[PDB]
file final.pdb (PDB, C-alpha atoms and all ligand atoms)
ATOM      1  CA  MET A   1       8.581  -4.514 -25.388
ATOM      2  CA  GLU A   2      11.715  -3.855 -27.498
ATOM      3  CA  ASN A   3      10.720  -0.146 -26.948
ATOM      4  CA  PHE A   4      11.175  -0.561 -23.106
ATOM      5  CA  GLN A   5      13.893  -1.854 -20.787
ATOM      6  CA  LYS A   6      11.977  -3.653 -17.963
ATOM      7  CA  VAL A   7      13.434  -2.739 -14.552
ATOM      8  CA  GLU A   8      11.243  -4.412 -11.860
ATOM      9  CA  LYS A   9       7.794  -6.045 -11.438
ATOM     10  CA  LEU A  10       5.609  -3.757  -9.386
ATOM     11  CA  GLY A  11       2.708  -6.211  -8.971
ATOM     12  CA  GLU A  12      -0.714  -7.194 -10.372
ATOM     13  CA  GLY A  13      -3.298  -4.637 -11.387
ATOM     14  CA  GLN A  14      -6.975  -5.293 -12.047
ATOM     15  CA  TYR A  15      -6.479  -6.644 -15.623
ATOM     16  CA  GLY A  16      -2.761  -7.599 -15.782
ATOM     17  CA  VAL A  17       0.829  -7.310 -14.564
ATOM     18  CA  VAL A  18       2.706  -3.994 -14.020
ATOM     19  CA  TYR A  19       6.436  -3.412 -14.717
ATOM     20  CA  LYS A  20       8.539  -0.356 -13.985
ATOM     21  CA  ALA A  21      10.263   0.237 -17.322
ATOM     22  CA  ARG A  22      12.431   2.719 -19.207
ATOM     23  CA  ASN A  23      11.549   4.070 -22.674
ATOM     24  CA  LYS A  24      14.585   3.124 -24.875
ATOM     25  CA  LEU A  25      14.495   6.415 -26.831
ATOM     26  CA  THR A  26      13.344   9.084 -24.368
ATOM     27  CA  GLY A  27      14.886   7.731 -21.139
ATOM     28  CA  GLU A  28      11.430   8.120 -19.472
ATOM     29  CA  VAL A  29      10.740   5.825 -16.483
ATOM     30  CA  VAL A  30       7.128   4.652 -16.708
ATOM     31  CA  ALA A  31       4.859   1.946 -15.273
ATOM     32  CA  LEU A  32       3.737  -0.405 -18.067
ATOM     33  CA  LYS A  33       0.634  -2.553 -17.543
ATOM     34  CA  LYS A  34       0.282  -5.573 -19.850
ATOM     35  CA  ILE A  35      -3.394  -6.696 -20.243
ATOM     36  CA  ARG A  36      -3.633 -10.479 -20.923
ATOM     37  CA  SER A  46     -13.003  -4.099 -28.973
ATOM     38  CA  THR A  47     -15.296  -1.660 -27.059
ATOM     39  CA  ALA A  48     -12.523  -1.415 -24.385
ATOM     40  CA  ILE A  49     -10.147   0.086 -27.020
ATOM     41  CA  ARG A  50     -12.573   3.036 -27.429
ATOM     42  CA  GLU A  51     -13.340   3.279 -23.641
ATOM     43  CA  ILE A  52      -9.728   3.324 -22.406
ATOM     44  CA  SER A  53      -9.034   6.101 -24.977
ATOM     45  CA  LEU A  54     -11.574   8.257 -23.016
ATOM     46  CA  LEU A  55      -9.520   7.438 -19.875
ATOM     47  CA  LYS A  56      -6.446   9.188 -21.453
ATOM     48  CA  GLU A  57      -8.381  12.505 -21.503
ATOM     49  CA  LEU A  58      -9.254  12.222 -17.734
ATOM     50  CA  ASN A  59      -6.423  14.529 -16.555
ATOM     51  CA  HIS A  60      -6.323  15.884 -12.916
ATOM     52  CA  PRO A  61      -3.495  16.349 -10.282
ATOM     53  CA  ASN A  62      -4.912  13.542  -8.148
ATOM     54  CA  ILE A  63      -5.441  10.996 -10.968
ATOM     55  CA  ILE A  64      -2.522   8.865 -12.365
ATOM     56  CA  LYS A  65      -1.561  10.056 -15.830
ATOM     57  CA  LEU A  66      -2.220   7.482 -18.579
ATOM     58  CA  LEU A  67       0.439   8.334 -21.181
ATOM     59  CA  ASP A  68      -0.269   5.782 -23.977
ATOM     60  CA  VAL A  69      -2.649   2.970 -24.938
ATOM     61  CA  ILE A  70      -1.097   0.412 -27.365
ATOM     62  CA  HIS A  71      -3.177  -2.450 -28.772
ATOM     63  CA  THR A  72      -1.027  -5.222 -30.372
ATOM     64  CA  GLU A  73      -0.879  -9.055 -30.833
ATOM     65  CA  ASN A  74      -3.876  -9.828 -28.503
ATOM     66  CA  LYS A  75      -2.429  -7.764 -25.581
ATOM     67  CA  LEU A  76      -3.108  -4.201 -24.628
ATOM     68  CA  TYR A  77      -0.306  -2.197 -22.980
ATOM     69  CA  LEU A  78      -1.148   0.851 -20.867
ATOM     70  CA  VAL A  79       1.759   3.181 -20.213
ATOM     71  CA  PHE A  80       1.317   5.206 -17.021
ATOM     72  CA  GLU A  81       3.233   7.919 -15.065
ATOM     73  CA  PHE A  82       5.495   6.095 -12.472
ATOM     74  CA  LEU A  83       4.999   7.086  -8.808
ATOM     75  CA  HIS A  84       7.500   6.090  -6.122
ATOM     76  CA  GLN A  85       5.388   4.528  -3.397
ATOM     77  CA  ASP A  86       1.875   3.282  -2.653
ATOM     78  CA  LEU A  87      -0.185   4.191   0.416
ATOM     79  CA  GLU A  88      -0.253   0.504   1.626
ATOM     80  CA  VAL A  89       3.549   0.569   1.870
ATOM     81  CA  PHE A  90       3.636   4.005   3.440
ATOM     82  CA  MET A  91       1.035   3.047   6.081
ATOM     83  CA  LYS A  92       3.101  -0.050   6.963
ATOM     84  CA  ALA A  93       6.287   2.068   7.185
ATOM     85  CA  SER A  94       4.445   4.568   9.452
ATOM     86  CA  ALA A  95       2.721   1.949  11.710
ATOM     87  CA  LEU A  96       4.885   2.597  14.866
ATOM     88  CA  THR A  97       3.853   6.274  15.167
ATOM     89  CA  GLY A  98       1.020   6.633  12.676
ATOM     90  CA  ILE A  99       0.765   8.967   9.720
ATOM     91  CA  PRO A 100       0.472  12.502  11.187
ATOM     92  CA  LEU A 101      -3.057  13.831  11.177
ATOM     93  CA  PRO A 102      -2.283  16.872   8.883
ATOM     94  CA  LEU A 103      -0.938  14.422   6.268
ATOM     95  CA  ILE A 104      -4.013  12.103   6.668
ATOM     96  CA  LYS A 105      -6.199  15.175   6.163
ATOM     97  CA  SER A 106      -4.252  16.350   3.110
ATOM     98  CA  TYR A 107      -4.387  12.903   1.461
ATOM     99  CA  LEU A 108      -8.134  12.560   2.175
ATOM    100  CA  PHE A 109      -8.838  16.060   0.786
ATOM    101  CA  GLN A 110      -6.728  15.344  -2.351
ATOM    102  CA  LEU A 111      -8.488  11.987  -2.944
ATOM    103  CA  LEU A 112     -11.878  13.653  -2.577
ATOM    104  CA  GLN A 113     -10.804  16.278  -5.231
ATOM    105  CA  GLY A 114      -9.799  13.376  -7.507
ATOM    106  CA  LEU A 115     -13.063  11.558  -6.984
ATOM    107  CA  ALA A 116     -15.139  14.737  -7.394
ATOM    108  CA  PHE A 117     -13.433  15.148 -10.807
ATOM    109  CA  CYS A 118     -13.884  11.395 -11.828
ATOM    110  CA  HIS A 119     -17.517  11.412 -10.739
ATOM    111  CA  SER A 120     -18.298  14.686 -12.581
ATOM    112  CA  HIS A 121     -17.030  12.964 -15.740
ATOM    113  CA  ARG A 122     -19.209   9.838 -14.971
ATOM    114  CA  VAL A 123     -16.150   7.682 -14.180
ATOM    115  CA  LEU A 124     -16.196   5.419 -11.156
ATOM    116  CA  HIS A 125     -13.091   3.839  -9.644
ATOM    117  CA  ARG A 126     -14.923   0.782  -8.172
ATOM    118  CA  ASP A 127     -11.952  -0.794  -6.400
ATOM    119  CA  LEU A 128     -10.249   1.787  -4.201
ATOM    120  CA  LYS A 129      -7.719   0.281  -1.800
ATOM    121  CA  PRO A 130      -4.409   1.519  -0.228
ATOM    122  CA  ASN A 131      -2.352  -0.341  -2.882
ATOM    123  CA  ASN A 132      -3.843   1.637  -5.794
ATOM    124  CA  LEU A 133      -3.284   4.993  -4.117
ATOM    125  CA  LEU A 134       0.128   6.290  -5.147
ATOM    126  CA  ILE A 135       2.211   8.961  -3.439
ATOM    127  CA  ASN A 136       5.152  11.145  -4.263
ATOM    128  CA  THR A 137       7.850  13.035  -2.300
ATOM    129  CA  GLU A 138       6.017  16.377  -2.937
ATOM    130  CA  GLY A 139       2.944  15.487  -0.796
ATOM    131  CA  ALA A 140       0.589  14.477  -3.660
ATOM    132  CA  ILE A 141      -1.546  11.351  -3.734
ATOM    133  CA  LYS A 142      -3.201   9.926  -6.886
ATOM    134  CA  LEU A 143      -5.967   7.563  -7.770
ATOM    135  CA  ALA A 144      -4.745   4.614  -9.864
ATOM    136  CA  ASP A 145      -5.884   1.232 -11.346
ATOM    137  CA  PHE A 146      -9.373   2.247 -12.349
ATOM    138  CA  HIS A 161      -2.902 -16.188  -8.240
ATOM    139  CA  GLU A 162      -3.847 -13.039  -6.184
ATOM    140  CA  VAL A 163      -6.527 -13.148  -3.408
ATOM    141  CA  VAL A 164      -9.346 -10.542  -3.824
ATOM    142  CA  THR A 165      -9.342  -7.902  -1.057
ATOM    143  CA  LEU A 166     -12.917  -7.215   0.030
ATOM    144  CA  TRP A 167     -12.135  -4.939   2.980
ATOM    145  CA  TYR A 168     -13.073  -1.717   1.131
ATOM    146  CA  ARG A 169     -16.217  -3.069  -0.591
ATOM    147  CA  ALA A 170     -19.439  -1.062  -0.202
ATOM    148  CA  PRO A 171     -22.381  -2.993   1.249
ATOM    149  CA  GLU A 172     -24.581  -2.553  -1.837
ATOM    150  CA  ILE A 173     -21.899  -4.391  -3.899
ATOM    151  CA  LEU A 174     -21.750  -7.231  -1.358
ATOM    152  CA  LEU A 175     -25.591  -7.405  -1.341
ATOM    153  CA  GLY A 176     -25.654  -7.933  -5.147
ATOM    154  CA  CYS A 177     -26.522  -4.492  -6.595
ATOM    155  CA  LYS A 178     -25.966  -4.699 -10.392
ATOM    156  CA  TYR A 179     -25.745  -0.895 -10.924
ATOM    157  CA  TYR A 180     -22.973   0.654  -8.766
ATOM    158  CA  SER A 181     -23.135   4.417  -8.159
ATOM    159  CA  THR A 182     -20.366   6.887  -7.316
ATOM    160  CA  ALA A 183     -21.183   6.251  -3.627
ATOM    161  CA  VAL A 184     -19.184   2.965  -3.770
ATOM    162  CA  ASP A 185     -15.954   5.017  -3.977
ATOM    163  CA  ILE A 186     -16.913   7.263  -1.040
ATOM    164  CA  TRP A 187     -17.466   4.117   1.101
ATOM    165  CA  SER A 188     -14.021   2.734   0.109
ATOM    166  CA  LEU A 189     -12.351   6.074   0.816
ATOM    167  CA  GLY A 190     -14.103   6.155   4.241
ATOM    168  CA  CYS A 191     -12.649   2.743   5.093
ATOM    169  CA  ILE A 192      -9.141   3.963   4.061
ATOM    170  CA  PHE A 193      -9.514   7.187   6.112
ATOM    171  CA  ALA A 194     -10.415   5.106   9.188
ATOM    172  CA  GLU A 195      -7.464   2.768   8.618
ATOM    173  CA  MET A 196      -4.980   5.701   8.284
ATOM    174  CA  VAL A 197      -6.171   7.113  11.598
ATOM    175  CA  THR A 198      -6.406   3.874  13.675
ATOM    176  CA  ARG A 199      -3.644   1.874  12.035
ATOM    177  CA  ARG A 200      -6.025  -1.042  11.668
ATOM    178  CA  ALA A 201      -8.351  -1.987   8.820
ATOM    179  CA  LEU A 202     -11.874  -1.103   9.636
ATOM    180  CA  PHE A 203     -13.630  -4.209   8.175
ATOM    181  CA  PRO A 204     -11.021  -6.988   7.460
ATOM    182  CA  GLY A 205     -13.309  -9.727   6.094
ATOM    183  CA  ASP A 206     -12.005 -12.791   4.254
ATOM    184  CA  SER A 207     -15.212 -13.680   2.374
ATOM    185  CA  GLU A 208     -18.226 -11.686   1.120
ATOM    186  CA  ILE A 209     -20.392 -12.919   3.971
ATOM    187  CA  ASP A 210     -17.653 -12.333   6.593
ATOM    188  CA  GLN A 211     -17.133  -8.838   5.132
ATOM    189  CA  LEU A 212     -20.881  -8.095   5.311
ATOM    190  CA  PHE A 213     -21.165  -9.400   8.896
ATOM    191  CA  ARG A 214     -18.086  -7.392   9.990
ATOM    192  CA  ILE A 215     -19.820  -4.262   8.655
ATOM    193  CA  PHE A 216     -23.141  -5.265  10.297
ATOM    194  CA  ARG A 217     -21.427  -5.855  13.693
ATOM    195  CA  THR A 218     -19.870  -2.358  13.611
ATOM    196  CA  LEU A 219     -22.614  -0.247  11.959
ATOM    197  CA  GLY A 220     -25.669  -2.372  12.905
ATOM    198  CA  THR A 221     -27.597  -4.717  10.627
ATOM    199  CA  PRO A 222     -29.304  -2.414   8.185
ATOM    200  CA  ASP A 223     -33.060  -2.349   7.975
ATOM    201  CA  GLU A 224     -35.663  -0.459   5.956
ATOM    202  CA  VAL A 225     -35.559   2.547   8.376
ATOM    203  CA  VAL A 226     -31.872   3.318   7.682
ATOM    204  CA  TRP A 227     -31.777   1.837   4.160
ATOM    205  CA  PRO A 228     -35.050   1.812   2.231
ATOM    206  CA  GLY A 229     -35.083  -1.078  -0.176
ATOM    207  CA  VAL A 230     -32.322  -3.057   1.635
ATOM    208  CA  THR A 231     -34.611  -6.113   2.141
ATOM    209  CA  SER A 232     -35.287  -6.414  -1.621
ATOM    210  CA  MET A 233     -31.613  -6.519  -2.643
ATOM    211  CA  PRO A 234     -30.507  -9.596  -4.542
ATOM    212  CA  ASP A 235     -28.391 -11.091  -1.755
ATOM    213  CA  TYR A 236     -30.254  -9.870   1.296
ATOM    214  CA  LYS A 237     -31.567 -12.750   3.375
ATOM    215  CA  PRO A 238     -34.291 -12.170   6.002
ATOM    216  CA  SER A 239     -32.312 -14.620   8.046
ATOM    217  CA  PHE A 240     -29.274 -12.300   8.497
ATOM    218  CA  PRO A 241     -28.447 -11.664  12.170
ATOM    219  CA  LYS A 242     -29.762  -8.442  13.712
ATOM    220  CA  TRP A 243     -26.755  -6.760  15.430
ATOM    221  CA  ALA A 244     -27.146  -3.314  17.032
ATOM    222  CA  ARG A 245     -24.986  -0.378  15.880
ATOM    223  CA  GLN A 246     -21.744  -0.041  17.856
ATOM    224  CA  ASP A 247     -21.048   3.296  19.459
ATOM    225  CA  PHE A 248     -19.115   5.278  16.859
ATOM    226  CA  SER A 249     -16.578   6.863  19.340
ATOM    227  CA  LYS A 250     -15.439   3.249  19.952
ATOM    228  CA  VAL A 251     -14.632   2.578  16.251
ATOM    229  CA  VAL A 252     -12.128   5.357  15.417
ATOM    230  CA  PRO A 253     -11.181   6.655  18.918
ATOM    231  CA  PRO A 254      -8.225   9.024  18.051
ATOM    232  CA  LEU A 255     -10.381  10.889  15.445
ATOM    233  CA  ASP A 256     -11.868  14.221  16.578
ATOM    234  CA  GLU A 257     -15.603  14.908  16.293
ATOM    235  CA  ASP A 258     -15.284  16.691  12.880
ATOM    236  CA  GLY A 259     -13.432  13.658  11.523
ATOM    237  CA  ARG A 260     -16.026  11.295  13.062
ATOM    238  CA  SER A 261     -18.896  13.305  11.605
ATOM    239  CA  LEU A 262     -17.362  13.201   8.097
ATOM    240  CA  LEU A 263     -16.616   9.466   8.395
ATOM    241  CA  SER A 264     -20.158   8.661   9.517
ATOM    242  CA  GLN A 265     -21.449  10.478   6.379
ATOM    243  CA  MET A 266     -19.093   8.433   4.149
ATOM    244  CA  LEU A 267     -20.240   5.179   5.708
ATOM    245  CA  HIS A 268     -24.062   5.628   5.552
ATOM    246  CA  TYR A 269     -25.599   2.371   4.410
ATOM    247  CA  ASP A 270     -28.008   3.961   1.901
ATOM    248  CA  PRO A 271     -25.867   5.068  -1.071
ATOM    249  CA  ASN A 272     -28.369   7.866  -1.627
ATOM    250  CA  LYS A 273     -27.684   9.170   1.923
ATOM    251  CA  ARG A 274     -23.900   8.764   1.628
ATOM    252  CA  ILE A 275     -22.051  12.102   1.239
ATOM    253  CA  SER A 276     -20.761  13.015  -2.240
ATOM    254  CA  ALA A 277     -17.087  13.874  -2.884
ATOM    255  CA  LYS A 278     -18.031  17.448  -3.710
ATOM    256  CA  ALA A 279     -20.097  17.873  -0.499
ATOM    257  CA  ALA A 280     -17.311  16.238   1.637
ATOM    258  CA  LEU A 281     -14.795  18.821   0.405
ATOM    259  CA  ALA A 282     -16.914  21.543   2.153
ATOM    260  CA  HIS A 283     -17.011  19.574   5.440
ATOM    261  CA  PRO A 284     -15.636  21.425   8.530
ATOM    262  CA  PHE A 285     -12.997  18.700   8.987
ATOM    263  CA  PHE A 286     -11.071  20.433   6.149
ATOM    264  CA  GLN A 287     -11.175  24.005   7.559
ATOM    265  CA  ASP A 288      -7.496  23.764   8.613
ATOM    266  CA  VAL A 289      -6.312  21.526   5.683
ATOM    267  CA  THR A 290      -2.674  22.015   4.581
ATOM    268  CA  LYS A 291      -0.228  20.128   2.255
ATOM    269  CA  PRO A 292       2.624  18.590   4.349
ATOM    270  CA  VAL A 293       5.663  16.649   3.029
ATOM    271  CA  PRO A 294       5.729  12.877   3.847
ATOM    272  CA  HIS A 295       8.928  11.174   5.028
ATOM    273  CA  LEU A 296       9.381   8.543   2.265
ATOM    274  CA  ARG A 297      12.068   5.962   2.376
ATOM    275  CA  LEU A 298      12.573   4.966  -1.296
TER
HETATM  276  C1  LIG A 301       0.532   1.046 -13.079
HETATM  277  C2  LIG A 301       0.598   2.411 -12.424
HETATM  278  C3  LIG A 301      -0.766   2.755 -11.819
HETATM  279  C4  LIG A 301       1.694   2.544 -11.388
HETATM  280  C5  LIG A 301       2.512   3.653 -11.206
HETATM  281  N1  LIG A 301       3.345   3.575 -10.189
HETATM  282  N2  LIG A 301       3.090   2.343  -9.655
HETATM  283  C6  LIG A 301       3.664   1.834  -8.522
HETATM  284  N3  LIG A 301       4.606   2.606  -7.903
HETATM  285  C7  LIG A 301       5.045   2.385  -6.533
HETATM  286  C8  LIG A 301       6.188   1.411  -6.427
HETATM  287  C9  LIG A 301       7.474   1.796  -6.755
HETATM  288  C10 LIG A 301       8.526   0.922  -6.625
HETATM  289  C11 LIG A 301       8.301  -0.356  -6.179
HETATM  290  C12 LIG A 301       7.031  -0.752  -5.839
HETATM  291  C13 LIG A 301       5.982   0.128  -5.959
HETATM  292  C14 LIG A 301       3.267   0.563  -8.151
HETATM  293  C15 LIG A 301       2.286  -0.109  -8.884
HETATM  294  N4  LIG A 301       1.961  -1.370  -8.485
HETATM  295  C16 LIG A 301       1.258  -2.352  -9.285
HETATM  296  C17 LIG A 301      -0.209  -2.463  -8.868
HETATM  297  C18 LIG A 301      -0.336  -3.053  -7.464
HETATM  298  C19 LIG A 301      -1.800  -3.204  -7.064
HETATM  299  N5  LIG A 301      -2.505  -1.901  -7.186
HETATM  300  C20 LIG A 301      -2.391  -1.341  -8.557
HETATM  301  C21 LIG A 301      -0.936  -1.120  -8.922
HETATM  302  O1  LIG A 301      -0.884  -0.486 -10.199
HETATM  303  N6  LIG A 301       1.674   0.448  -9.955
HETATM  304  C22 LIG A 301       2.074   1.679 -10.323
END

call {"tool": "encode", "arguments": {"input": "final.pdb", "output": "structure tokens"}}
result
Amino acid sequence: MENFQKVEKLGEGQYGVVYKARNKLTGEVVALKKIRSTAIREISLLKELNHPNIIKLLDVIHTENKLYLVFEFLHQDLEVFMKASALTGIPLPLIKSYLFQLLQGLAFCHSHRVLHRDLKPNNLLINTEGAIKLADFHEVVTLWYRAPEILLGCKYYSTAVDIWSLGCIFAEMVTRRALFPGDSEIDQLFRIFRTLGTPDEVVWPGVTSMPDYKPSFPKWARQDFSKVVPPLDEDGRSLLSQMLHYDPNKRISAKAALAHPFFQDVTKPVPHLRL
């Protein structure tokens, strides 16, 4: 830490605390994550995962029990920007741009057999140029973006978990309200079931044999989908429904979603950021 002037705590990541910091020699402003053997080798592969829509990992330093990860610093997160934009909403062309960019990032991750696993507005980072990046591959766990197969005890996540999370974020950008704001795993699951219908073997083969599936779950009927994201046009609703299929095998892939008609008129607008 003698090599960095700390400036400000930014918050808690998945495995430790993040500081904005300045490199003493270069003047570079970076985000430094402080963590607390096979992870040393695995995070080194994460340094080679370079794409415009993925946060740049600049350095991995292992020393005195702790691991420091030095990342690119970005000026705001999407959670903050959505709160700042809640009176009027984020304009639809900017929603569309951010969704398209995140799908490019995920298509890249997934083609390199990297999953995110915990996508949420606060690990999506934005800049003044209109880019958005995937990041963070006594705090209370947020379950609102959790795919149903995770909540039902699937041991082997697939890439589809990230498409589900991104679908929940898409919905929240458009409606200005979180799609499934549960405060426990069972409340999260029942919020999903009340909106999308309690899944059965017709819509999700194998659902009843999942570790945490109980025959005794309530049987709610699927809500009408025009009721769930009203301001979204039918192309947006179609895409969303494909991102929120219960069966991960049915759920659209990032690569397939990029070809969806919702993106025919996609553009790259400038956000209004107050920094
Ligand atoms: C560690 C790396 C991924 C990183 C780069 N920029 N940046 C910003 N920037 C936005 C910002 C700027 C100024 C004040 C607050 C937030 C915030 C931030 N927050 C810390 C956690 C919060 C929970 N989600 C994961 C984040 O890395 N982590 C990062």

call {"tool": "resolve_selection", "arguments": {"input": "final.pdb", "expression": "the PyMOL selection byres (((chain A and resi 9) around 12) and not hetatm)", "output": "tab-separated table (two decimals) with C-alpha atoms, in the frame of the given file"}}
result
chain	number	residue	atom	x	y	z
A	5	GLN	CA	13.89	-1.85	-20.79
A	6	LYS	CA	11.98	-3.65	-17.96
A	7	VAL	CA	13.43	-2.74	-14.55
A	8	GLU	CA	11.24	-4.41	-11.86
A	10	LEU	CA	5.61	-3.76	-9.39
A	11	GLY	CA	2.71	-6.21	-8.97
A	12	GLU	CA	-0.71	-7.19	-10.37
A	13	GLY	CA	-3.30	-4.64	-11.39
A	16	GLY	CA	-2.76	-7.60	-15.78
A	17	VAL	CA	0.83	-7.31	-14.56
A	18	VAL	CA	2.71	-3.99	-14.02
A	19	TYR	CA	6.44	-3.41	-14.72
A	20	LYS	CA	8.54	-0.36	-13.98
A	21	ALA	CA	10.26	0.24	-17.32
A	30	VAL	CA	7.13	4.65	-16.71
A	31	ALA	CA	4.86	1.95	-15.27
A	32	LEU	CA	3.74	-0.40	-18.07
A	33	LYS	CA	0.63	-2.55	-17.54
A	34	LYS	CA	0.28	-5.57	-19.85

call {"tool": "resolve_selection", "arguments": {"input": "final.pdb", "expression": "the PyMOL selection byres (((chain A and resi 203-218) around 6) and not hetatm)", "output": "list in words"}}
result
residues 167, 201, 202, 219, 220, 221, 243, 245 and 246 of chain A

call {"tool": "resolve_selection", "arguments": {"input": "final.pdb", "expression": "the PyMOL selection byres (((chain A and resi 69-81) around 8) and not hetatm)", "output": "JSON, numbers by chain"}}
result
{"A": [29, 30, 31, 32, 33, 34, 35, 36, 49, 52, 53, 64, 65, 66, 67, 68, 82, 83]}

call {"tool": "closest_residue", "arguments": {"input": "final.pdb", "among": "A:138, A:235, A:28, A:57", "to": "residue 296 of chain A", "atoms": "all atoms listed in the file"}}
result
A:138

call {"tool": "axis_aligned_box", "arguments": {"input": "final.pdb", "around": "ligand LIG 301 (chain A)", "padding_each_side": "8 Å", "output": "AutoDock Vina command-line options"}}
result
--center_x 3.0 --center_y 0.2 --center_z -9.5 --size_x 27.0 --size_y 22.9 --size_z 23.2

call {"tool": "atom_distance", "arguments": {"input": "final.pdb", "atom1": "atom CA of residue 242 of chain A", "atom2": "atom CA of residue 269 of chain A"}}
result
14.9 Å

call {"tool": "atom_distance", "arguments": {"input": "final.pdb", "atom1": "atom CA of residue 121 of chain A", "atom2": "atom CA of residue 277 of chain A"}}
result
12.9 Å

call {"tool": "closest_residue", "arguments": {"input": "final.pdb", "among": "A:85, A:136, A:182, A:59", "to": "ligand LIG 301 (chain A)", "atoms": "all atoms listed in the file"}}
result
A:85

call {"tool": "closest_residue", "arguments": {"input": "final.pdb", "among": "A:146, A:180, A:107, A:117", "to": "ligand LIG 301 (chain A)", "atoms": "all atoms listed in the file"}}
result
A:146

call {"tool": "residues_around", "arguments": {"input": "final.pdb", "residues": "residue 190 of chain A", "least_positions_apart": "5", "cutoff": "8 Å", "atoms": "all atoms listed in the file", "output": "list in words"}}
result
residues 263, 266 and 267 of chain A

call {"tool": "atom_distance", "arguments": {"input": "final.pdb", "atom1": "atom CA of residue 196 of chain A", "atom2": "atom CA of residue 139 of chain A"}}
result
15.5 Å

call {"tool": "closest_residue", "arguments": {"input": "final.pdb", "among": "A:104, A:298, A:112, A:96", "to": "ligand LIG 301 (chain A)", "atoms": "only C-alpha atoms and all ligand atoms"}}
result
A:298

call {"tool": "closest_residue", "arguments": {"input": "final.pdb", "among": "A:132, A:137, A:188, A:261", "to": "ligand LIG 301 (chain A)", "atoms": "all atoms listed in the file"}}
result
A:132

call {"tool": "residues_around", "arguments": {"input": "final.pdb", "residues": "residue 192 of chain A", "least_positions_apart": "5", "cutoff": "9 Å", "atoms": "only C-alpha atoms", "output": "number ranges by chain"}}
result
A: 108, 128-130, 168, 187, 197, 201-202

call {"tool": "residues_around", "arguments": {"input": "final.pdb", "residues": "residue 259 of chain A", "least_positions_apart": "6", "cutoff": "9 Å", "atoms": "all atoms listed in the file", "output": "list in words"}}
result
residues 284, 285 and 286 of chain A

call {"tool": "write_last_selection", "arguments": {"input": "final.pdb", "atoms": "C-alpha atoms", "output": "compact mmCIF listing (two decimals), keeping the file's coordinate frame"}}
result
# COMPACT_ATOMS: atom_id res chain seq x y z
CA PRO A 284 -15.64 21.42 8.53
CA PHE A 285 -13.00 18.70 8.99
CA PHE A 286 -11.07 20.43 6.15

call {"tool": "closest_residue", "arguments": {"input": "final.pdb", "among": "A:47, A:272, A:231, A:131", "to": "ligand LIG 301 (chain A)", "atoms": "only C-alpha atoms and all ligand atoms"}}
result
A:131

call {"tool": "build_atoms", "arguments": {"input": "final.pdb", "residues": "segment 193-204 of chain A", "atoms": "N, CA and C atoms", "output": "CSV table (one decimal), keeping the file's coordinate frame"}}
result
chain,number,residue,atom,x,y,z
A,193,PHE,N,-9.6,6.1,5.1
A,193,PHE,CA,-9.5,7.2,6.1
A,193,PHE,C,-9.4,6.6,7.5
A,194,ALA,N,-10.4,5.7,7.9
A,194,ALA,CA,-10.4,5.1,9.2
A,194,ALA,C,-9.1,4.3,9.5
A,195,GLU,N,-8.7,3.6,8.5
A,195,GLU,CA,-7.5,2.8,8.6
A,195,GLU,C,-6.2,3.6,8.8
A,196,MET,N,-6.1,4.8,8.1
A,196,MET,CA,-5.0,5.7,8.3
A,196,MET,C,-4.9,6.2,9.7
A,197,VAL,N,-6.1,6.5,10.3
A,197,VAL,CA,-6.2,7.1,11.6
A,197,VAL,C,-5.9,6.1,12.7
A,198,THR,N,-6.5,4.9,12.6
A,198,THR,CA,-6.4,3.9,13.7
A,198,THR,C,-5.3,2.9,13.6
A,199,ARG,N,-4.7,2.8,12.4
A,199,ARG,CA,-3.6,1.9,12.0
A,199,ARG,C,-4.2,0.5,12.0
A,200,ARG,N,-5.5,0.3,11.8
A,200,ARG,CA,-6.0,-1.0,11.7
A,200,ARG,C,-7.1,-0.9,10.7
A,201,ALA,N,-7.3,-2.0,9.8
A,201,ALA,CA,-8.4,-2.0,8.8
A,201,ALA,C,-9.7,-2.1,9.5
A,202,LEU,N,-10.6,-1.3,9.1
A,202,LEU,CA,-11.9,-1.1,9.6
A,202,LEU,C,-12.7,-2.4,9.6
A,203,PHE,N,-12.7,-3.0,8.4
A,203,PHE,CA,-13.6,-4.2,8.2
A,203,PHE,C,-12.8,-5.3,7.5
A,204,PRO,N,-11.9,-6.0,8.2
A,204,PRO,CA,-11.0,-7.0,7.5
A,204,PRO,C,-11.7,-8.4,7.3
